[PDB]
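Trainee:
4 protein chains.
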Amino acid sequence: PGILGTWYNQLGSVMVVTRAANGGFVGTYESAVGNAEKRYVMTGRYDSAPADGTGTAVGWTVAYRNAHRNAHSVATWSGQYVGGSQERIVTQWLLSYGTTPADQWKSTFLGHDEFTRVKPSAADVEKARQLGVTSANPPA
Amino acid sequence: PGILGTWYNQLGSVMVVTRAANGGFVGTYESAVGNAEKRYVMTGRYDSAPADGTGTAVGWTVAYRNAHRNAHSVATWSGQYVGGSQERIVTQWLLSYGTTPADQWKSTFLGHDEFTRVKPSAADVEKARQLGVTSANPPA
Amino acid sequence: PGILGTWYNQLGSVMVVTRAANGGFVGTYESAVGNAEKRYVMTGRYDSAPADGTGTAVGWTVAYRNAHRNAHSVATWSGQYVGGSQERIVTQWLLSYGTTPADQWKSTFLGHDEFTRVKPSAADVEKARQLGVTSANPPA
Amino acid sequence: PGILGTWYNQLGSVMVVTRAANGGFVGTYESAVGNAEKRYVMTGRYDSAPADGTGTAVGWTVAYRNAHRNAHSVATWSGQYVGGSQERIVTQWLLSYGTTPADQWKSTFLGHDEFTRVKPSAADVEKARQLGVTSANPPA
Numbered sequence: 216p217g218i219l220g221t222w223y224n225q226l227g228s229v230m231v232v233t234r235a236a237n238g239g240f241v242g243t244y245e246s247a248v249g250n251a252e253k254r255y256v257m258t259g260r261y262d263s264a265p266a267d268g269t270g271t272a273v274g275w276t277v278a279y280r281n282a283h284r285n286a287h288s289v290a291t292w293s294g295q296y297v298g299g300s301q302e303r304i305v306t307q308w309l310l311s312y313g314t315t316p317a318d319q320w321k322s323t324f325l326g327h328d329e330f331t332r333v334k335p336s337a338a339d340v341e342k343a344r345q346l347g348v349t350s351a352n353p354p355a
Numbered sequence: 216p217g218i219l220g221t222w223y224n225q226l227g228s229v230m231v232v233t234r235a236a237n238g239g240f241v242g243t244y245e246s247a248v249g250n251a252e253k254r255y256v257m258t259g260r261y262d263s264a265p266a267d268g269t270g271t272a273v274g275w276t277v278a279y280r281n282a283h284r285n286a287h288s289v290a291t292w293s294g295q296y297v298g299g300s301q302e303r304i305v306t307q308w309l310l311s312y313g314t315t316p317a318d319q320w321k322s323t324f325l326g327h328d329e330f331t332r333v334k335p336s337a338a339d340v341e342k343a344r345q346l347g348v349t350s351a352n353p354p355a
Numbered sequence: 216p217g218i219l220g221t222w223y224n225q226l227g228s229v230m231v232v233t234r235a236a237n238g239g240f241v242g243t244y245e246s247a248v249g250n251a252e253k254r255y256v257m258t259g260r261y262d263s264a265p266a267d268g269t270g271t272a273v274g275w276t277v278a279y280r281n282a283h284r285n286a287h288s289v290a291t292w293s294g295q296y297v298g299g300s301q302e303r304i305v306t307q308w309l310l311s312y313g314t315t316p317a318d319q320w321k322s323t324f325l326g327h328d329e330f331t332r333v334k335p336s337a338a339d340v341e342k343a344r345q346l347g348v349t350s351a352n353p354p355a
Numbered sequence: 216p217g218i219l220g221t222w223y224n225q226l227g228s229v230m231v232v233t234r235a236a237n238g239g240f241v242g243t244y245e246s247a248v249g250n251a252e253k254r255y256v257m258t259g260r261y262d263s264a265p266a267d268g269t270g271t272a273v274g275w276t277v278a279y280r281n282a283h284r285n286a287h288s289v290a291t292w293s294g295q296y297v298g299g300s301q302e303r304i305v306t307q308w309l310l311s312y313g314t315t316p317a318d319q320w321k322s323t324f325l326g327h328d329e330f331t332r333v334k335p336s337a338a339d340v341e342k343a344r345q346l347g348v349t350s351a352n353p354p355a
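Chains as they are written, first to last, in this note's numbering: chain A, 216 to 355; chain B, 216 to 355; chain C, 216 to 355; chain D, 216 to 355.
#1: Report the rounded CA-to-CA distance for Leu346 (chain A) versus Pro354 (chain B), giving the unit in angstroms.
#2: Kindly list, in the order they appear in chain B, the residues whose Cβ is closer than 9 Å to that of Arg284 (chain A).
#3: Name the chain B residues that come within less than 9 Å of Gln307 (chain C), Cβ to Cβ?
#4: Thinking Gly270 (chain A) and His287 (chain A) are a contact (beta carbons under 8 Å), I'd like their distance in whole angstroms, please.
#5: So, with DSSP's three-state summary, where would you put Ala351 (chain D)?
#6: Using the C-alpha atoms, what's the distance from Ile218 (chain D) back to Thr258 (chain D)?
#7: Leaving out the 5 sequence neighbours to the left and right, which residues in its chain are closer than 7 Å to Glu245 (chain C) when beta-carbon positions are compared?
#8: Run through chain A and tell me which residues come within less than 8 Å of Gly347 (chain D), C-beta to C-beta.
#9: State the CB to CB distance for the pair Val305 (chain C) and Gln225 (chain C), rounded to an integer number of angstroms; the pair is presumed to be in contact (CB under 8 Å).
#10: Could you tell me the alpha carbon to alpha carbon distance between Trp320 (chain C) and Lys321 (chain D), rounded to whole angstroms?
#11: Please confirm if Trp320 (chain B) has its CB atom under 8 Å from at least one CB of chain D.
#12: Please return the same chain residues whose Cβ sits closer than 8 Å to the Cβ of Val248 (chain A), not counting the five positions on each side in sequence.
#13: Check the Cβ-Cβ distances between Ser350 (chain B) and every residue of chain D, and say whether any is below 8 Å.
#14: Rounded to whole angstroms, what's the CA-CA distance from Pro335 (chain D) to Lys342 (chain D)? Just pull it up for me.
#15: Is there a C-beta anywhere in chain D that falls below 8 Å from the one on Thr331 (chain C)?
#16: Any idea which residues DSSP pairs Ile218 (chain B) with across the strands?
#17: Thinking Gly238 (chain B) and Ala290 (chain A) are a contact (beta carbons under 8 Å), I'd like their distance in whole angstroms, please.
#18: CB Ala351 (chain A) to CB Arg260 (chain B), shorter than 8 Å?
#19: If we ignore side chains and look at the alpha-carbon of each, how far apart do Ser263 (chain B) and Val256 (chain A) end up?
#20: Once DSSP output is grouped into helix, strand and coil, what is the label at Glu329 (chain A)?
#21: Under the three-state reduction of DSSP, which class applies to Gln319 (chain B): helix, strand or coil?
#22: Using a Cβ-Cβ cut-off of 8 Å, state whether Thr243 (chain D) counts as contacting chain C.
#23: Could you tell me whether the Cβ of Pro316 (chain C) comes closer than 8 Å to any Cβ of chain A?
#24: Just to confirm the assignment: which complete alpha helix (DSSP H) runs, minimum length 4, are found wholly within the region 267-304 of chain D?
#25: In its own chain, which residues sit with a C-beta less than 6 Å from the C-beta of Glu302 (chain B), not counting the 5 before and 5 after it?
#26: Find the residues of chain E that neighbour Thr233 (chain B), judging by a C-beta separation of less than 8 Å, and give them in chain order.
#27: Can you tell me whether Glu245 (chain D) is helix, strand or coil according to DSSP?
#28: Give me the Cα-Cα distance between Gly220 (chain A) and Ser300 (chain A), rounded to the nearest whole angstrom.
#29: I'd like to know whether the C-beta atoms of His327 (chain A) and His327 (chain D) end up nearer to each other than 8 Å.
#30: How should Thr233 (chain A) be labelled, buried or exposed, when 16 other C-beta atoms within 10 angstroms of its C-beta is the threshold for buried?
#31: Closest to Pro216 (chain D) by C-alpha separation, out of D:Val231, D:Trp222, D:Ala236 and D:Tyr223, would be which residue?
#32: With C-beta atoms as the reference, is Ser311 (chain D) less than 8 Å away from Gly294 (chain C)?
#33: Which of the three DSSP states, helix, strand or coil, is assigned to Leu309 (chain B)?
#34: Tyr261 (chain A) touches chain B at which residues, Cβ-Cβ below 8 Å?
#35: Please go through the same chain and pick out, in chain order, the residues whose beta-carbon is closer than 8 Å to the beta-carbon of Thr323 (chain A), but skip the five residues on each side of it.
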């Protein structure tokens, strides 16, 4: 299964898939790099037998709580992994918060994100974040 | 954790959560009822310590392939579980297909769905489906 | 064109289409009822020749600013009008805010809404809002 | 108002805003370039008084029918215009089709798109489309 390994976005987030078999996979998701306070558990599913010549449909979930922080939000990513020699994952993501009944309309944010095997340079991360941080960065 | 148990929508789909602990849960998802050919594995995450007076943020994923069928698609649900005496889960869902590069724009469908502990009557399921089937029903 | 007229949701919002011709339409959108401080200009487009036996694809936009308030947000609705004797509009909506570059990830909320020709009772509006206000209600 | 003028994406689509005043704007949208058969009418709204230091919230709609073609779909874009010396519009889009009641779940596609004042080179358009066409390209 091709989704195994480490994946980077353009803003400095890192997803690590540690195990993948029979349509399920598991790992971690860090919005930062190398700090146990913004790493979180990840779980997902994938198409274990994709149609010839197409990408591999994928999806996964991350609850933004660990032993050190709780943002009271959970994100899901939905998209596909594209092999070839240039490996990519293209997704749209949703981030949902727990709310009171009156605040249910402002419970879910929507965005997009793209992952690559090529770790971007720190210079590229700074230019990209300056144009805008488009991946979820929930505080506190 | 409140999400344990069986959940129904208004169109005849059934989600069963068999295990939930430390922010993770697992189970099955059936678009039909009681037939091993449209049951699929489910995995997700939830907020294990929600803020007082708010709903519990949740998310989960289902790959639409089993031993009998493969739709080449994977769905993710994002929303929150609301306790009280009237227990509900309100979500928005995404369904992503594997595609060629030229077809990437038509890879992801978007919708909404609401789950209840009250199993609807067959009469209510028929009236609801006649107004429109708004939950994912991917063929073949 | 069938979209002409007045449309209600279940939470107390009212959309009035005053003119519709050649694929375009115009009107107003009130999150309240009968108060010039939460009425806003609406503009949209529709399919002027839908396929036989299908709904009519629609879309429209509302900027949440008038002479009395400005929420600094703009919403878009996307879906279809369904005729027959029971007329409905089913949509998903997006609400986007202006942000700094660092806050771009929290710029867009996502939701769903359904419109009917039947004005709901005030009792039905209160029960529905108590279960949750799922249409956009941006403050200030 | 800054949104006036011509905007390009990375896949070869062109949006022209011909008029903008008092929170409304109008123009055209071409998925191709310079051919009256894939140009369509556009209408939208914007925040006419954005908060200092933030982007300008925007939204607009395009029905994919003209005198020569009808795709039976309507798209909406939701996001914000960002000024400075590097002018951009970042959006998420929805494309909704008219359907039968049973097919309502597959009525709406979701995607993302980014617009610039810099017209990309034909070489850049080909490389980008080869990685994937991520803007709406509805056939027939």
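Every residue gets a Cβ at the ideal spot worked out from N, C-alpha and C, and that includes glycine.
Mentor: Based on what the coordinates show:
#1: 41 Å
#2: Residues of chain B passing the Cβ test: none, with the nearest at roughly 11 Å.
#3: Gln307, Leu325, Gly326 and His327
#4: About 33 Å; that fails the 8 Å criterion.
#5: coil
#6: 13 Å
#7: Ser228, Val229, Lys253 and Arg254
#8: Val297 and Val305
#9: Between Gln225 (chain C) and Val305 (chain C) the Cβ distance is about 13 Å, and since that is not below 8 Å, they are no contact.
#10: 27 Å
#11: yes
#12: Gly227 and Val229
#13: yes
#14: 11 Å
#15: no
#16: Partner(s): none; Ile218 (chain B) has no beta bridge.
#17: Between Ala290 (chain A) and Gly238 (chain B) the Cβ distance is about 13 Å, and since that is not below 8 Å, they are no contact.
#18: no
#19: 13 Å
#20: strand
#21: helix
#22: no
#23: yes
#24: none
#25: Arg332
#26: The structure shown contains no chain E; its protein chains are A, B, C and D.
#27: strand
#28: 15 Å
#29: yes
#30: exposed
#31: D:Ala236
#32: yes
#33: strand
#34: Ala278 and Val289
#35: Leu309, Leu310, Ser311 and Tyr312
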